[PDB]
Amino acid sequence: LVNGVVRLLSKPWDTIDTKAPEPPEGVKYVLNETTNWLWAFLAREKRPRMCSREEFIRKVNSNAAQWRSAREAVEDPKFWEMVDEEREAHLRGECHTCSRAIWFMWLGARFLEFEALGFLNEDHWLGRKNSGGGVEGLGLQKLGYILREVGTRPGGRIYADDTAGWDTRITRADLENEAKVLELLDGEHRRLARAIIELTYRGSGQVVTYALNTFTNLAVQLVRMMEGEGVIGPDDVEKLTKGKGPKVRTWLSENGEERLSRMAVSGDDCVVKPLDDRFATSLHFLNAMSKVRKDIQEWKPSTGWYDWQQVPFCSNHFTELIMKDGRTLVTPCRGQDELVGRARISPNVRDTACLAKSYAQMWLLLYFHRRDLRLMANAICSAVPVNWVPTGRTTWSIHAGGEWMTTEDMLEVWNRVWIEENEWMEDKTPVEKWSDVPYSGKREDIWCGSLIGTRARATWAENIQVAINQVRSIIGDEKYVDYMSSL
């Protein structure tokens, strides 16, 4: 189905034999060492805990997005009565519950799993400080800055290879290495988490799945780095050579942490800046781990980028942007066709107005430097009642975000995310008006899909108020504010 709010306001955009074989002994041994070292590193200072029912309730009520009934499933003491029961089973080492019932069972499982392994996300075990290479909890407003730090590290090009169907390439060996978490746990906690882990052995909820994919991808890049640096090679794949074991152990212990900070890793998405370009041909362990690269012959050298500003990560590239007061932002950027395309899809008049509004406010926060999106966002916001709370999923590409899910003034939240809470903004002086929030540079805007300079869009910009009026009329008699004369 089509969002008719974005539709009526974006007129120019109209006419647009199974696999993962288990690894060989050599590779399994190196991964084992690497995953042993990484777990010990991620457990450095934090210590595991169970997550509470209250925490789960708080987590259900915010973002991201089903949940219509989740909120409703929680306060029902019959739901915590099945949960109580199934938890009592998990503690024996038995599981079975993983309409009313066959929805409660599904949601219960998510709680049990959040109770037992939730600490990985909630305490940011994969956050950059704790994981060195991870980026958990960072919005798009932060990631570019991380790419600029990674690119700051001297060496080869920056690589960013995708895997050919990641979840498909997880081996039993990856699973056992992930399951070492258990060794960090004791008591009930350990029994409960053991029950959750032993479920995929018979399919996690993205809560845990992201943490575990990131953990595993971090390790995979560590191994590919070792091989690029000549610590291991082709002759170590089947069986590790004469005393390479300790060479590998001491390589982890003395380089692991530095090398982690040459990475930005989100689930199956990774960016790595190795010591040199030998990395481009380090494919022996990679391929034998079944982590085959997408869209490239098994043994062709990888290619990388020189400029951090064009490396893709979480479907965006990132750019430096100079504001009128001389300050520099680093901002996300992706094809504008994909951005408007996504907002024109509706996955009810109020509900779709509220979703258009979240797309608009999402754009105002993340993609304000795009001329068309800034204009379209204000049209949307002008056409949807001021008091309608933005609703619905706008972030496909599940990272974090959601600061746009509000009724608060968008200049105020822009200031909070881009200045006040931006740790890469030294000078904390606020921006007083939208006109001081910068655009990207005509030529760059045009490069990423802008229609500026086009006729269809000229007559759209000039007539925009007619379209806004048309949407106001369909939605009906409500309070509207004009945001067009802040452009």
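Note that residue numbering begins at 1 and tracks the sequence as displayed.
Is there a break between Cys98 and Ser99, and how many deposited residues does it span: none, 1 to 3, 4 to 9, or 10 or more? Going from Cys98 to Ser99, the model skips 10 or more residues of the deposited sequence.
How big is the unmodelled gap, if any, between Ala65 and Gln66 relative to the deposited sequence? Choose none, 1 to 3, 4 to 9, or 10 or more. In the deposited sequence, 4 to 9 residues between these two have no coordinates.
If you average the CA temperature factors as listed in the entry, which stretch comes out higher, 66-74 or 456-464? Between 66-74 and 456-464, it is 66-74 that shows the higher mean C-alpha B-factor.
Please work out which of 392-400 and 318-326 has the higher mean CA B-factor as recorded in the PDB entry. Of 318-326 and 392-400, the stretch with the higher C-alpha B-factor average is 392-400.
If you rank every modelled residue in this chain by C-alpha B factor, which third holds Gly304: lowest, middle or highest? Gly304: CA B-factor falls in the middle third of its chain.
Chain third (lowest, middle, highest) by recorded CA B-factor, residue given as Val27: Tercile = lowest for this residue's CA B-factor.
Using the B-factor values recorded in the entry, state whether the Cα atom of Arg371 falls in the lowest, middle or highest third among the modelled residues of its chain. Ranked within chain, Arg371 CA B lands in the lowest tercile.
Would you please rank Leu1 by its C-alpha temperature factor against the other modelled residues of its chain and give the third it falls in: lowest, middle or highest? For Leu1, the deposited C-alpha B-factor lands in the middle third.
Considering only modelled residues of the same chain, in which third does the CA B-factor of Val60 rank: lowest, middle or highest? Ranked within chain, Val60 CA B lands in the highest tercile.
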